[PDB]
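**Q** So that we are looking at the same thing, I have put the structure below in structure tokens.
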Amino acid sequence: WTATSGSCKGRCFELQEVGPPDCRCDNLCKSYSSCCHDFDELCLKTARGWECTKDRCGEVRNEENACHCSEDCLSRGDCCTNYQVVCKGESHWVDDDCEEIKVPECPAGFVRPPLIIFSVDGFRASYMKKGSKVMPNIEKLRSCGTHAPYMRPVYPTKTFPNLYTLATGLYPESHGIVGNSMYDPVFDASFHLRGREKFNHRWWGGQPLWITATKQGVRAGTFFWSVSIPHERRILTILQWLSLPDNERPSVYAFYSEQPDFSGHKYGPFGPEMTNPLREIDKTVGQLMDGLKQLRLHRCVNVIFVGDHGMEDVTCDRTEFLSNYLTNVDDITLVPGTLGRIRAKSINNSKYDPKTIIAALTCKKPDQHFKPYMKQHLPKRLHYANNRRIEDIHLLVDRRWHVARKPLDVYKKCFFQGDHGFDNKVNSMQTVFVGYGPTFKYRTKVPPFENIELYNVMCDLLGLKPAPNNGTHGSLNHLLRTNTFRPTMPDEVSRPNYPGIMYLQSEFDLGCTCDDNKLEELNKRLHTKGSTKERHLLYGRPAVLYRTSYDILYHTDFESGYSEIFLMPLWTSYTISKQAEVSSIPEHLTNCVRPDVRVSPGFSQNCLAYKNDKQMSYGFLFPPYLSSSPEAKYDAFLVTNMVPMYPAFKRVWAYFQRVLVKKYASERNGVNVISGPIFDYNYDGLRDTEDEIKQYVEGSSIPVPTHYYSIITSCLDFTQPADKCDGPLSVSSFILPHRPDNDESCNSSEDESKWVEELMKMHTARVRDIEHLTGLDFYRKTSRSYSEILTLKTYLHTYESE
Ligand SMILES: *[C@@H]1O[C@H](CO)[C@@H](O[C@@H]2O[C@H](CO)[C@@H](O[C@@H]3O[C@H](CO[C@H]4O[C@H](CO)[C@@H](O)[C@H](O[C@H]5O[C@H](CO)[C@@H](O)[C@H](O)[C@@H]5O[C@H]5O[C@H](CO)[C@@H](O)[C@H](O)[C@@H]5O)[C@@H]4O)[C@@H](O)[C@H](O[C@H]4O[C@H](CO)[C@@H](O)[C@H](O)[C@@H]4O[C@H]4O[C@H](CO)[C@@H](O)[C@H](O)[C@@H]4O)[C@@H]3O)[C@H](O)[C@H]2NC(C)=O)[C@H](O)[C@H]1NC(C)=O
Ligand SMILES: Nc1ncc(-c2ccc(C(F)(F)F)cc2)nc1Br
Ligand SMILES: [Br-]
Ligand SMILES: [Ca+2]
Ligand SMILES: [Cl-]
Ligand SMILES: [K+]
Ligand code: NA
Ligand SMILES: [Zn+2]
């Protein structure tokens, strides 16, 4: 109930929203059906259009007009945006040569440059190039400011998940908006685009920018606009707030456009009807910049031009139906479309088994256009598991396709030609970033980066301290002229032991067996003292950021940090030069495992546990294949280099170590490799403590990893070898799930050269992802600036074409 019979006189677009049943005059009132009786009349004026004309110049002020061409209008802050162009002989902002903005050029009484976020739904990254002839204002922003060739959205590449990530710096799994449509078992409530329940505050976690501003004494314009408020009115409102007295004037604002997403859905991303929406958007930017120019704010305000996701070609005929796979299709609920989420129709149904559903959806048709997953088996890069609102069964849908439950669903709703929501590494889902103003750089191109990083930068631009979030603060310092955030490296929490030879061979009873001169004895001892360490540890040893007990172990070919708690390395580091040669494991050494006389029997794995464990075998972190000599090859068979592996995963690992490491060393002019295990049994993307481990090698205290990582580093200038690099670095990394079968890879019964590298590409990762998962901090000792290293650690190698 609203007493909609109060009034909006003097209250139009009120910054503080008022409490029911008293009527509302804020930019969201329409959406709640709660505006005052007179809202349309006083706040949504249209009389005489949106532009001044020759005849309107110096007119007598008429309050009924949409915007004004009278003399006083500038003081009042309510001129039409073209007033000075038409009535005072001024040029449009787009027609002015651009000039570097070295410092904020603001009116007296501004305490900080204001920030305007101009957000656009479904603005695909390639429109910057492809639509460049019809977007001259945006093109001026882009070429004169700081721009990225594209920006990476979060998964799923839907509107609310992405808008709310921009606002908060958080993964959907942490902020809680995990979809456009959602079911929450704890509330027993649903969240939908149509309807009331989305307005409820319990859906929305983290701390969005407007709340971060307010709490720290920075005033915010209201970010959200009702769909029926026209674009010109949104602009004029923002220009109006900017004219308020110093004590009431907001410092941060948002504009939002429904376009080009709205038309993209109907016509596809490049439909010929797409030109017009792009024209209209550019026109709106023009109006803003002309309006800012009139108020002398065009060299004062920082402007961010940002999209939420791109748009892909999708039609009705490209639909996969679950009714073609499952005979039980009525016992499941599906959240459908560009992703699939499956739960049980009824929790009272005790016959429902996710395992049998997964199996029935796996590699059934030769060109199947989706892949089922338990959510914890999804690529770690998506960060899409740790929320009770994300269903245990997920379907990753191929770009260009839809998944539905039954054919009836599609033709009882062909309509659409565009959709979005696929994997966030897909080119067509990529979106835009342009920064323009005194705080951004001038005429600068920056590399692609993820939208989770922006909250920190908007905090920096406003002098705010950010709420805890998933950005890496400082990784975007290269976008900024000043207001950079200078972080310090985290401090090491545990220091390592450096054990010497302390145990006799016969003290080991491990069920392990192996068939195994002063010049070359002083030699091998210095190798064990760490003489080649500078070759294999190029960037310093990683720092252990938690409390634990570990050893540094040195060898001719590799160095490791060996965990006495988990009985295996946390990390193993080695360098493979361009010229290195692959050998095989000799026959006399096939089943060789050797005791490590630096490490107590009690802190060692044992062969008897692997013999007993019928499902579990073992592999090596440093590959024996890449030993630098027959004598150094013995080091690779030490029990301290051993880790548990399913026979199915060994096929993956062996191919990576035997074939791919050498391949990258040739292509890259040497590589440094750091490999290790990851334990994430509760799928929170964070390192498990020992009491969190759900699985051990049978009859032993040997914990089983959920994943294995590798970080592969070389010189960005590939004419220099990896161990003699003078400048910036180049990285690619992966987090491979440690699985007892290869069901994920439909081609797996073929040769490894046909499926392994594809799987690895899918499980590509940022070094930062690996840091969360291990509690390690890499690249401690380089010659490079720390901000540059933070950017390197947030890099993702996506394996998409240009
Ligand atoms: C991305 O960045 C984010 C933000 O930094 C990272 O997430 C943080 O991770 C922390 C570690 O998981 C976590 O810290 C916990 O906080 C608990 C208090 O939490 C409340 O307060 C915060 C701050 O105001 C608030 O933001 C939280 O909001 C969450 O919950 C509501 C829903 O309930 C949502 O509206 C909101 O979206 C958010 O949900 C998300 O987070 C929770 C986890 O908190 C998930 O479960 C959800 O699925 C969703 O992802 C909260 O309202 C605090 O209680 C915890 O303390 C326990 O654990 C520690 C171990 O150190 C121990 O000392 C304590 O004893 C305590 O254990 C007790 O409770 C256990 C469970 O009940 C029990 O088993 C024990 O026996 C003990 O009794 C803990 O400190 C922090 O909340 C989140 N923050 C956010 C915003 O998510 C995230 O990790 C980053 N991701 C990556 C990959 O880096
Ligand atoms: N109607 C709407 N009006 C505004 C927004 C919006 C969401 C997020 C942000 C950002 F980027 F700052 F976080 C700005 C504006 N979304 C919708 Br939907
Ligand atoms: Br939002
Ligand atoms: Ca974990
Ligand atoms: Cl969804
Ligand atoms: K075994
Ligand atoms: Na397979
Ligand atoms: Zn859309």
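Chain A residue numbers are taken from Swiss-Prot; in order, the displayed residues are 51-463, 468-570, 576-591, 617-886.
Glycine is treated like the rest: Cβ placed from N, Cα and C.
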**Q** In Swiss-Prot, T209, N230, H474 are given as binding 1-tetradecanoyl-sn-glycerol 3-phosphate, so which of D311, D403, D545 is in that site too?
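**A** When Swiss-Prot describes the 1-tetradecanoyl-sn-glycerol 3-phosphate site, the candidate it includes is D311.
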**Q** Check Swiss-Prot for me: it has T209, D358, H359 binding Zn(2+) 1, so pick out which one of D171, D234, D238, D332 it puts in that same site.
**A** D171
**Q** Quick test of reading the record: Swiss-Prot lists a disulfide for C366. Which of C194, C468, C513 is on the other end?
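**A** So the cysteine that Swiss-Prot bonds to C366 would be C468.
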**Q** Of the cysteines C93, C102, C107, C117, which is paired with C62 in the disulfide recorded by Swiss-Prot?
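**A** Recorded partner, per Swiss-Prot: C93.
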**Q** Using an 8 Å cut-off from the Cβ centroid of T209, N230, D311, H474, can you name the remaining same-chain residues around the 1-(9Z-octadecenoyl)-sn-glycero-3-phosphate site, in sequence order?
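**A** Nearby residues not in the site list: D171, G172, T207, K208, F210, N212, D358, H359, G475.
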**Q** Where the distance is taken from Cα to Cα, which of the recorded positions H315, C350, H474, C799 turns out closest to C413 (disulfide bond)?
**A** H474
**Q** Return the whole-number Å distance between the Cα positions of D570 and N576, the residues flanking a gap of 5 unmodelled residues.
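**A** Flanking Cα atoms: 17 Å.
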**Q** By CA distance, which of the recorded positions (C62, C117, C137, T209, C366) lies nearest to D772 (Ca(2+) binding site)?
**A** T209
**Q** Quick one: among the disulfide-bonded residues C107, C137, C148, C413, which has the most Cβ atoms sitting within 10 Å of its own Cβ?
**A** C137
**Q** Would you list, in sequence order, the residues of this chain other than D311, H315, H474 that have their CB within 8 A of the centroid of the site's CB atoms, where the site is the one recorded for Zn(2+) 2?
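**A** The surrounding set, listed in chain order, is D171, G172, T209, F312, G314, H359, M361, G472, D473.
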**Q** What's the number of neighbouring CB atoms sitting within 10 A of the CB on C73 (disulfide bond)?
**A** 21
**Q** For the domain 'SMB 1' (54-97), give the DSSP counts of helix residues, strand residues and coil residues.
**A** 8 helix, 4 strand, 32 coil
**Q** Nearest to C566 (disulfide bond) by Cα, among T209, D764, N766, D768 (binding-site residues)?
**A** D764
